[PDB]
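Below you'll find the structure, written out as structure tokens, and then a few comments.
The chains referred to below are lettered A, B, ... by the order of the sequence lines, with proteins before strands, and numbering in each begins at 1. Hydrogens, waters and symmetry mates play no part in the numbers below; they use all other heavy atoms, side chains included.
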There are 2 protein chains.
Amino acid sequence: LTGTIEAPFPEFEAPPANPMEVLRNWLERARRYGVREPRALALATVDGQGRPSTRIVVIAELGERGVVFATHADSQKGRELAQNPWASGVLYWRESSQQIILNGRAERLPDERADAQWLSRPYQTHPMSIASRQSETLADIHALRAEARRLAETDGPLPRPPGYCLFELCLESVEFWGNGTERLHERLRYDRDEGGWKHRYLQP
Amino acid sequence: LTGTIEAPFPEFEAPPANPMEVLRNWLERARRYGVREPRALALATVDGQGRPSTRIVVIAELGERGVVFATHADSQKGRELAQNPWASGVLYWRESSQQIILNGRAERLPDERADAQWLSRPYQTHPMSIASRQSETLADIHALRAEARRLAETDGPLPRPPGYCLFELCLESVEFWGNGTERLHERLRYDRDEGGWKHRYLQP
Ligand SMILES: Cc1cc2nc3c(=O)[nH]c(=O)nc-3n(C[C@H](O)[C@H](O)[C@H](O)COP(=O)(O)O)c2cc1C
Ligand SMILES: Cc1cc2nc3c(=O)[nH]c(=O)nc-3n(C[C@H](O)[C@H](O)[C@H](O)COP(=O)(O)O)c2cc1C
């Protein structure tokens, strides 16, 4: 590992009852430490044959019960999630040698949430998001580029495109992982059932 | 995107026929760019309920047809792979704004390969990999720490522990993603077919 910052993990010896509280604390410190792109989540979805796929998406919002991300409903992750809502993401912060694993069911939020989040983006991002049909075959790159440039001509916000949506990943289990000392990595694992949240430690 | 390096995607316009050639190119360039931990793979595996789980593992070797990583057979990932070999991993390189998605089936290599790999590791790594039962519940961190300290009393190399193994993820489809210009991300997607590999471009 290449981290130079021994990150406090005071939640290891004393675990909060709710994993959302550790997730907030950790993101707050990542911010202080200048962690480069701490919300880049490596997100796994699963196809109808039990075969996973992965890509980076950004955690756009923290909710009470989960993390939210924006994407296109008809992308590959969107098509997978429509038949199998179970997902898992991992964040890995090289600077502080920390990993966070988030497992749960990701479900599509109301249109209004999507409209709000869409319109929160810098309007410069809207052209390609409308022009591209995410994850479909690109037959002509120049055609796509021209469509987006014509859209960029408006020089302001564009309407949310059909299929632009938000999913919320409702947490069913979470692991917080810290480097520890002597390779004894520190693994704090939380789990949920209709009984609620419990935690335990895992061996590295 | 905090991408401090504008990275060309030389293969995008006229791609090689086999994706492993691109992977090797991309990994070699990543090292020369100074990408930090370019082999930290966010690896997804899938339980018997179709629910994915993720974590980081390091690509220990490039095989002829895939990527090799070391782990423990009775870890969560290893229990999951034993019942469903289909797996997916993403590399994300913040500095050059590149991602590589690797999809395939992961199969365990012979003991000889795992022994060689195990023996190539810095010997300080041996104690904990033997003393810990990866991803089992940790009963008592002091006791685990004592056992690894005890093992370390021997000058390594120490013997490979039962269950320490290498998996090779044999590629079935690969995506190379680059940031491109004007948000028109450059996605090159390879799929293993009849007579071997084909590729196409995907929309961002
Ligand atoms: C740093 C970074 C952030 C990204 N964030 C998102 C995002 O939040 N939402 C999104 O749909 N795609 C995002 N992408 C693009 C995805 O990685 C992927 O290319 C696209 O969603 C299509 O994924 P799919 O074909 O597996 O569904 C991001 C890519 C990078 C490298
Ligand atoms: C950057 C880094 C590299 C890692 N490399 C490996 C590795 O190569 N093999 C391994 O078994 N665990 C590796 N780990 C630990 C894994 O993330 C994980 O905690 C462990 O394998 C148990 O995963 P599981 O419970 O999901 O099976 C690495 C962790 C970090 C953060």
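Using a distance-only test at 3.5 Å, with no hydrogens or angles considered, no donor-acceptor pair links the side chain of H185(B) to the main chain of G180(B). A donor-acceptor pair is defined here as one N or O able to donate and one able to accept, closer than 3.5 Å; such a pair exists between the side chain of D193(A) and the backbone of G195(A). With hydrogens and angles ignored, the 3.5 Å screen pairs no side-chain donor or acceptor of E95(B) with any backbone N or O of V35(B). Under a 3.5 Å cut-off, the side chain of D191(B) and the backbone N or O of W197(B) do not form any donor-acceptor pair.
Looking at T71(B), neither its backbone nor its side chain comes within 4.5 Å of chain A, counting heavy atoms on both sides. Neither the backbone nor the side chain of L43(A) comes within contact range of chain B, judged by heavy atoms closer than 4.5 Å. Interface remark: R105(A) contributes no atoms to any contact with chain B (heavy atom separation under 4.5 Å). Contact of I141(A) with chain B is made through backbone and side chain together, with heavy-atom distances under 4.5 Å. For a residue to count as touching a neighbouring chain, one of its non-hydrogen atoms must lie under 4.5 Å from one of that chain's; by this rule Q124(A) touches chain B with the backbone only. Contact annotation for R94(A): both backbone and side-chain heavy atoms come within less than 4.5 Å of a heavy atom of chain B. If you measure heavy-atom distances from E37(A) to chain B, the contacts under 4.5 Å come from both the backbone and the side chain. Neither the backbone nor the side chain of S173(A) comes within contact range of chain B, judged by heavy atoms closer than 4.5 Å. With a 4.5 Å cut-off on non-hydrogen atoms, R36(B) touches chain A through its backbone and its side chain both. For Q83(A), no part sits under 4.5 Å from any heavy atom of chain B, backbone or side chain. Only the side chain of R149(B) comes within contact range of chain A, judged by heavy atoms closer than 4.5 Å. Residue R145(A) touches chain B through both its backbone and its side chain, counting heavy-atom pairs closer than 4.5 Å. Looking at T125(A), both its backbone and its side chain come within 4.5 Å of chain B, counting heavy atoms on both sides.
Comparing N103(A), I101(A), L184(A) by heavy-atom pairs within less than 4.5 Å of chain B, the highest count is held by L184(A). Counting heavy-atom pairs under 4.5 Å between each of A42(B), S132(B), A44(B) and chain A puts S132(B) at the top. Between chain B and the residues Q134(A), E182(A), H72(A), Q99(A), the largest count of heavy-atom pairs under 4.5 Å involves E182(A). When each of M128(A), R183(A), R51(A) is checked for heavy-atom pairs under 4.5 Å with chain B, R51(A) comes out on top. Between chain A and the options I100(B), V46(B), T2(B), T181(B), heavy-atom pairs under 4.5 Å are most frequent for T2(B). With chain A as partner, the option from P204(B), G50(B), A131(B) having the largest number of non-hydrogen pairs under 4.5 angstrom is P204(B). The residue among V90(B), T54(B), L102(B) with the most heavy atom pairs within less than 4.5 Å of chain A is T54(B).
For an aromatic pair to be called close, the ring centres must be under 6.0 Å apart, and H126(B) with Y123(B) satisfies this. The aromatic ring centres of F12(A) and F176(A) sit 6.0 Å or more apart.
Taking the six-membered ring where the residue is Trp, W93(A) and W26(A) present tilted rings, their angle falling between 30° and 60°.
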Any chance you could lay out the side-chain contact (heavy atoms from CB on, under 4.5 Å) test for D140(B) and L144(B), step after step, and finish with the verdict?
CA-CA 7 Å; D140(B) 181 348; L144(B) 172 57; over 6 Å; no
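Between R29(A) and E6(A), none of the side-chain N atoms (NZ, or NE/NH1/NH2) sits under 4.0 Å from a carboxylate O, so this pair counts as no salt bridge.
No side-chain donor-acceptor contact under 3.5 Å links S53(A) and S88(B).
Taking the ring centre of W118(B) as origin, the terminal cationic atom of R160(B) falls outside the region bounded by 6.0 Å and 45° from the ring axis.
Among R200(A), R189(A), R187(A), the one residue that satisfies the side-chain hydrogen bond (donor to acceptor under 3.5 Å, both in side chains) test with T137(B) is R200(A).
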